[PDB]
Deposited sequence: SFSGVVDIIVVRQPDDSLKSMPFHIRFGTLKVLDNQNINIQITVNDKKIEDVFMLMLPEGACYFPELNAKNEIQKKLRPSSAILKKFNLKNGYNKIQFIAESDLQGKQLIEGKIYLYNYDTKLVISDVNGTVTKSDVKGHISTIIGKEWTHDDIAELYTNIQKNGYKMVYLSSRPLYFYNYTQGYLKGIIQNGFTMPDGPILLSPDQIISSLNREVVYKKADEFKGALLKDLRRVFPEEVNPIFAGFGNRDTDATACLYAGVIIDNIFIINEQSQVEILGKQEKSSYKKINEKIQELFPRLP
């Protein structure tokens, strides 16, 4: 079974509160350290099946099992903008101290995200693996240049949770002509953590305030990817769908292209943010 933490996304609101996506962690009290500092007065508990949660009282004074911590708890993390190291430490009287490590990202309310499917969109095709999946040409250079203009790449996986750590290793090992894949969270479809892609992106959209549109563009390889992005606030002009021949359709302009050509027009399609 899985041991680790799905990448966590936290967003600072314009009133300075914090909202986050659900914490999915798997290995009794659980303590937290962020950027190698122990966080005081924060703890999680664990269900029999191994999933962990934040205990929170409801108005009837019953303990509710929350995956989304309150803003006050999140403020105690002292998160920095961007990537942060997070470790969860489960203490058991029978099995001792157990530690898992993951990634927690802090964005601002005006941060702009660019979504990328992994399988079929990064890999060329959509249980026995060695990490040698072929990668579409030129995708690392393009995504690098998107990130350099101020956007944040967010990766999406629909593979089972057993493959999550493998997917992270696969993306961080890609090297194309010296270019690498920009670091960013890998979100996991909630069906794999026991219409799902569209529910996930709407969840992500909703940790940002309603008066901004945080998801700027999306890269996919199926028509269902396009629908998921549209209903999460991406304009059709900014949805890119690639096929197994590495031909990219820019849906809005009904244009055919490629990662290489999109990269040529990077300042047109992904203009630099201030």
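Would you flag the ranges of the deposited sequence that the structure leaves without C-alpha positions?
-> Going by the record, the segments left unmodelled (no C-alpha atoms) fall at 28 to 37, 137 to 141, 210 to 222.
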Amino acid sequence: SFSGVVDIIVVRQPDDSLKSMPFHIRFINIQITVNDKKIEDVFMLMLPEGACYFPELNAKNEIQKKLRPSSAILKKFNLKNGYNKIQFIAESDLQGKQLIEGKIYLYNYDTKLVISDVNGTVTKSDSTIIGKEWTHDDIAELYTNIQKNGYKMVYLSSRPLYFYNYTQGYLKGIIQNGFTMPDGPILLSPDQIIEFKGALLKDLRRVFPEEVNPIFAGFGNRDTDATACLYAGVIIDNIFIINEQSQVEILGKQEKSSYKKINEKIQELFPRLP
From here on, numbers count along this sequence of modelled residues.
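Which is higher on average in the deposited entry, the C-alpha temperature factors of 245 to 253 or of 227 to 235?
-> Higher mean C-alpha B-factor: 245 to 253.
58 to 66 set against 212 to 220, stretch whose average Cα temperature factor tops the other in the entry = 58 to 66 has the higher mean C-alpha B-factor.
Selection from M44, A51, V34, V207 [criterion: highest C-alpha temperature factor in the record] | The C-alpha B-factor peaks, among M44, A51, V34, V207, at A51.
Among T180, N108, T123, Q192, single out the one with the highest C-alpha B factor in the record, please.
-> Each of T180, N108, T123, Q192 was compared by C-alpha B-factor; the highest is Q192.
Relative C-alpha B-factor of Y155, binned into the chain's lowest, middle or highest third = It belongs to the lowest third of the chain when residues are ordered by C-alpha B-factor.
If you rank every modelled residue in this chain by C-alpha B factor, which third holds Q95: lowest, middle or highest?
-> Its C-alpha B-factor, which the entry lists for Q95, ranks in the highest third among residues of this chain.
Would you mind ranking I146 by its C-alpha B-factor against the rest of the chain and naming the third, lowest, middle or highest?
-> Lowest third of the chain for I146's C-alpha B-factor.
Can you tell me which third, lowest, middle or highest, the CA B-factor of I25 falls into for its chain?
-> Within its chain, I25 is a middle-third residue by C-alpha B-factor, going by the deposited values.
Lowest, middle or highest third: where is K103 by C-alpha B factor in its chain?
-> According to the entry, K103 has a C-alpha B-factor in the chain's lowest third.
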